[PDB]
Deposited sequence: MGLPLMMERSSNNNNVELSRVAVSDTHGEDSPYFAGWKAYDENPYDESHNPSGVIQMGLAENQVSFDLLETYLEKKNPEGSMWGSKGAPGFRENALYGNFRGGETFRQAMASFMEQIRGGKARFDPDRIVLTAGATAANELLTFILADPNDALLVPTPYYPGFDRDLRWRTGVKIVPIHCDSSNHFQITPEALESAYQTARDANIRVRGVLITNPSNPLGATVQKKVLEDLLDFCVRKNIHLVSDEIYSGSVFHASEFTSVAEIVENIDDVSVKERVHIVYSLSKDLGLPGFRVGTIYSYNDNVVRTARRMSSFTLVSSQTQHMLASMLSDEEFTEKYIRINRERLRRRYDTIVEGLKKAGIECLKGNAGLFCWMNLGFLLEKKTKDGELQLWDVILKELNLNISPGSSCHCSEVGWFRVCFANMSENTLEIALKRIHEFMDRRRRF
C-alpha cells in the first residue's frame, strides 16, 4: 500500500473543530420558513447576502476596476496602482500565497487572538509556518497592545522560532470591530524595529458600518515615504464579503513591496481568477456612481441589522461587544455558563446546537484567550429568520 505526505495525513486542515461539526448538524435538517420552521438556523457562516439584490438588480485591465472599488471602500484615502494588484482565487488563496513569500517552513507569524479559525488551515497547512498567538482580552475590547506583541514575540524566540511578520485582520473577524489608527502605526513601528512584515487582511472593509471609523493600512503608508518601511506592509482584499460574491473567488494582494508583487504574480499561476468573471465584474466595479451607492447602502443595511441583533439579545440579557463592522457580533455568555472553562464552553455550545437548533461559532475555535464568547453571524439570513432565532434564544433564557 501507498502512503501519502506528512501534509496529506495532517489534521491541520481543521475539519474536526466545533466550527465544522456545526455545519454538519445544520445539514441534518436546515431551517426553512414554510417547510421546516423548527429546523436549525445557520449563524456560524460569515456570509453576506443582505445587499445582494442591488447587484442582482444591476446586471440586467480588470485590475483598474479592483483598484477603484478598493479606493471607493476607503474613500479616496488610498491610491491604488493597478499594476501592484495581483489577483488570486479568493483571500484564502492570497493569505497562503503571501505566507509562502513571507516565511520559511518552521518560521512564524504573529496573529492576534481571537482570529478566523480558518487561519489554522490557510497559514499553516501547506507552508509549514507556525502561528504564535498575540494574546488579547475583553479588558480593552480585544485590541492589540504593544506589550502583548512583545510577549508573543518572546514566546517564539524563547523556543527558537524565527518570527517573520504579523498578520492582523482589519476589521477583525470575529470581533466585528475596527482597529484604531493609533494601534496600526504602533504595530507598523513594531515591525520596523523587529524587521518583519505586517500583513493586513482587509476583507471586511466595505462592511465597516461608518466610513470615517475605518483606517486601512493603506492610509498609514503612502504618506510615510521611507521605501524601507513601506515594503513591509501588504494588503489582502477580496470581493467575497463586501460584494457577497464568494463563489467567484476573486481576492487580491496589494503589496507595497516591488519584490513581492513580481513573486506574487508568478506565484498566482497556481490560483488564478477566471477571466470570464473578471470580464463580467469589470464595468460594475469601475462604475463610481454604483459602487458609491452600493457601499453606502451595504454599510447601512449591515449596521441596521447589527442594531436589531444586539437590541434583541439586550432585552434577553446578553451583552455583546461594542462593534462597528463585519457581518457578525461577538456576544458574551461568560457569566451565563456552567463550568467556566474550555470544556464548559463546548458543552454550552452543544446545548445551543441541539436544543435551540442554532449554529454559532464558539470562541474556543477562534483561539480566544477568554472563555465564554461566541460569534453569531446575521447577514446570511432574512429579516424573519433572525427574529425567529432571537425569539428562540429569548425563550431559552426564560428557563433560568
What gaps appear when the modelled C-alpha atoms are mapped onto the deposited sequence?
1-14, 75-104, 445-447
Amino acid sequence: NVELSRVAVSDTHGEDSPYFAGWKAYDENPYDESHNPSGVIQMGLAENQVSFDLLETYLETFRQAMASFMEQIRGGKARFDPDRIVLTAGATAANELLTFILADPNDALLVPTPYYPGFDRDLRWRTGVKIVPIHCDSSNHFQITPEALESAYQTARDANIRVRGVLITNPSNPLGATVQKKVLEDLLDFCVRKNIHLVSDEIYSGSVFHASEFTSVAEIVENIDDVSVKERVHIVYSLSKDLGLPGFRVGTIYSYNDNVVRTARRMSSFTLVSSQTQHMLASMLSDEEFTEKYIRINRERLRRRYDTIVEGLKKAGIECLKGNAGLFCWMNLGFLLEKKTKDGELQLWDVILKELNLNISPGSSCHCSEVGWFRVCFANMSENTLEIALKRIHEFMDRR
From here on, numbers count along this sequence of modelled residues.
If you average the CA temperature factors over each stretch, which comes out higher, 35-43 or 334-342?
334-342
As stated in the PDB record, which stretch has the larger average Cα B-factor, 179-187 or 222-230?
222-230
Out of 128, 251, 326, 312, which one has a C-alpha B factor higher than all the others in the entry?
312
Using the entry's values, work out which of 165, 90, 206, 75 has the largest Cα B factor.
75
Where does residue 142 sit by CA temperature factor within its chain: lowest, middle or highest third?
highest
What third of its chain, lowest, middle or highest, does the C-alpha temperature factor of residue 316 fall into?
highest
Can you tell me whether residue 255 has a C-alpha B-factor in the lowest, middle or highest third compared with the other modelled residues of the same chain?
lowest
Ordered by C-alpha B-factor within the chain, which third holds residue 120? Give me lowest, middle or highest, please.
middle
Residue 307 - which third its CA temperature factor falls in, relative to the rest of the chain
middle
